[PDB]
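Enquirer: Right, I'll just put the structure down here and ask away after.
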Amino acid sequence: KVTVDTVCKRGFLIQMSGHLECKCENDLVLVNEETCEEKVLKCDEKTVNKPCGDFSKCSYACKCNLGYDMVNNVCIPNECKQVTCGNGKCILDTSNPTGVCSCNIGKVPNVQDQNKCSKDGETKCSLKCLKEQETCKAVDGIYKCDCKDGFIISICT
Amino acid sequence: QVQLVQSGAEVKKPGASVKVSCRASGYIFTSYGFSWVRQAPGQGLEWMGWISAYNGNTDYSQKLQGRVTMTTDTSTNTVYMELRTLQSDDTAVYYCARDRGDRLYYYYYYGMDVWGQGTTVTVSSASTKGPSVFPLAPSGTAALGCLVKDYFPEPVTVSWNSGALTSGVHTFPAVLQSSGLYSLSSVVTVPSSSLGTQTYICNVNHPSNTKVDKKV
Amino acid sequence: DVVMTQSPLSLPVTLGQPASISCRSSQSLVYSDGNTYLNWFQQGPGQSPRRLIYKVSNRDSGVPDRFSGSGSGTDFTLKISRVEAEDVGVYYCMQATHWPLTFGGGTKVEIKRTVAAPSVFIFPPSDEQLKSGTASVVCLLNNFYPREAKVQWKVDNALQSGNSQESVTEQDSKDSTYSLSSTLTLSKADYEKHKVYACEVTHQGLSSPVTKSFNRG
């Protein structure tokens, strides 16, 4: 369960309308919900069980983990197979023992539109930007930690 | 509503510069970026560059790297575009488009989703001049019309018999002559031997109002 | 840079019939995250482009069900289940996987109808224009199909080049035909030095080229 206290290994936290998740840095892929590692291009005996993509590891083939399915060459949760969210992403409902839509910042699920990301709504940023000279900033429909109004880039300065 | 409103049409002389604005509304301006796309007459779309309203990251096309300058105003929601050394082939319709804020990472937003109304930019050394209207006299269906030559800038509006004649009327798209002036033609088809008494006037309107009899 | 190639350049369609536009990329469009990023745009006549399809097969808000995108890697297809009248225009495919963004050459959707031979008429310059030192001869091709047509000016059996501009009307909403205008501009002295001025027309509706000519006097 990715929370505001989660430290993304080789990644950084981003926030949407209904959840938080780890975004991998550079060309790394998710091996779990909070750890990013480099992906192998081929699957053989030396690279068996090695990560070949997000929630997928290396008759050799790249297969999604349990609960995930290959949809458009991407592993998504099984309950999100037939879910389209538009201005957002399908996630598993942590409050339901079901695929629901988490929307880009600025949009919220519209109860008048089958909870699709078609309603204008604000989302309070919950990120704890630990690094100095940084704060929570909004960009491309998500919240992430970035330099303040007087800093940029190794470390913000 | 994420609407984009662009500035009016501009006319510049060769070698001069032009500034085009695009006022964003309906969303958080500083959370996204912009890309500018122009479209030559009768041609396709051409990517000119991209600028981030989030981090100020500008990026121009290598083919047009030395004459493009992009800025954003956070106070008043507007993205500006300055084009220097306006060549003759720069004459095109310029479009505004919302793109991503950071070019390095990709999230669940996909740019170029909203486009502005477009702005027309014409680069020519010509001055404002009214058109010359010459009849195209014919010689069981006959065709006639009028030639609208040497008028700058565009456009003109042509009706036949004050709009009472519309069937078979064809007003052609203007052409840019080698002299830098525009030229246009309007034709109409009438019964040949059955219309020897009807009067047909060009009825052209621009700073110029002109209707010319086009008999045989 | 990625080269985007659309086919066909012009697509004649019948109202109510399916249609498909092809778009091919010079490199694979699968991004580092596994996504493809192939957008489809629609540009009506005299209007701004609007994005119909985003990412792979996803439709933007307000796009009718008849539009659909498919394909993978370097080959993609935009299908229209039942073409409607407002679907005429130019369709572009654009990639965002590789920087910078590049658009396709475009695909012009037109209304398909039966072949019509053009009506060729020639108009010598007026006496009013000759009094100013310039002579413009107009050749008219009226109500024809398809849009493609070849026109050549001949002055005393000499082919003209670089002195003849052309323009074509949009597809008429009434008869779905096209019309072409060609303007040959020459100086007064050059116009007075010749006698016969002819206009040659080549088109599918004509089994042989049609020539319309006039004498200077």
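We number chain A the way Swiss-Prot does; in order, the residues shown are 23-80, 89-127, 130-185, 190-193.
Recorded method is X-ray crystallography, 3.3 Å.
Note that Cβ sites are derived from N, Cα and C of the backbone, with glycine treated the same way.
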Enquirer: Tell me which of A:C74, A:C105 Swiss-Prot records as disulfide-bonded to A:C92.
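Expert: Within the candidate set A:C74, A:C105, Swiss-Prot assigns the bond with A:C92 to A:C74.
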Enquirer: Have a look at Swiss-Prot and say which candidate in A:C105, A:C110 forms the disulphide with A:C94.
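Expert: Disulfide mapping in Swiss-Prot sends A:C94 to A:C105.
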Enquirer: Please work out, from what Swiss-Prot records, which of A:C133, A:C135 forms the disulfide with A:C115.
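Expert: Swiss-Prot says the disulfide from A:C115 goes to A:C133.
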Enquirer: Among A:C161, A:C179, A:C192, find the residue that Swiss-Prot gives as the disulfide bond partner of A:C177.
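Expert: In Swiss-Prot, A:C177 forms its disulfide bond with A:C161.
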Enquirer: In sequence order, which same-chain residues at least six apart have a C-beta under 8 angstroms from A:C65 (disulfide bond)?
Expert: A:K72, A:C74, A:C80, A:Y90, A:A91, A:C92
Enquirer: Could you state the CA-to-CA distance between A:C168 (disulfide bond) and A:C105 (disulfide bond) to the nearest Å?
Expert: 29
Enquirer: Would you find the one among the disulfide-bonded residues A:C92, A:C120, A:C133, A:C168 whose Cβ has the most company, meaning other Cβ atoms within 10 Å?
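Expert: Neighbour-count leader: A:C133.
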Enquirer: What's the CA to CA span in angstrom from A:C105 (disulfide bond) over to A:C133 (disulfide bond)?
Expert: 17
Enquirer: Look up A:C92 (disulfide bond) in the DSSP assignment and report helix, strand or coil.
Expert: coil
Enquirer: Once the DSSP letters are reduced so that anything not helix or strand counts as coil, what is A:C168 (disulfide bond)?
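Expert: Where A:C168 (disulfide bond) sits, the three-state DSSP reduction gives strand.
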Enquirer: Out of the disulfide-bonded residues A:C110, A:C149, A:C157, give me the one sitting nearest to A:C133 (disulfide bond) by CA distance.
Expert: A:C149
Enquirer: By the DSSP assignment reduced to helix, strand and coil, which category contains A:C177 (disulfide bond)?
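Expert: SS state of A:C177 (disulfide bond) = strand.
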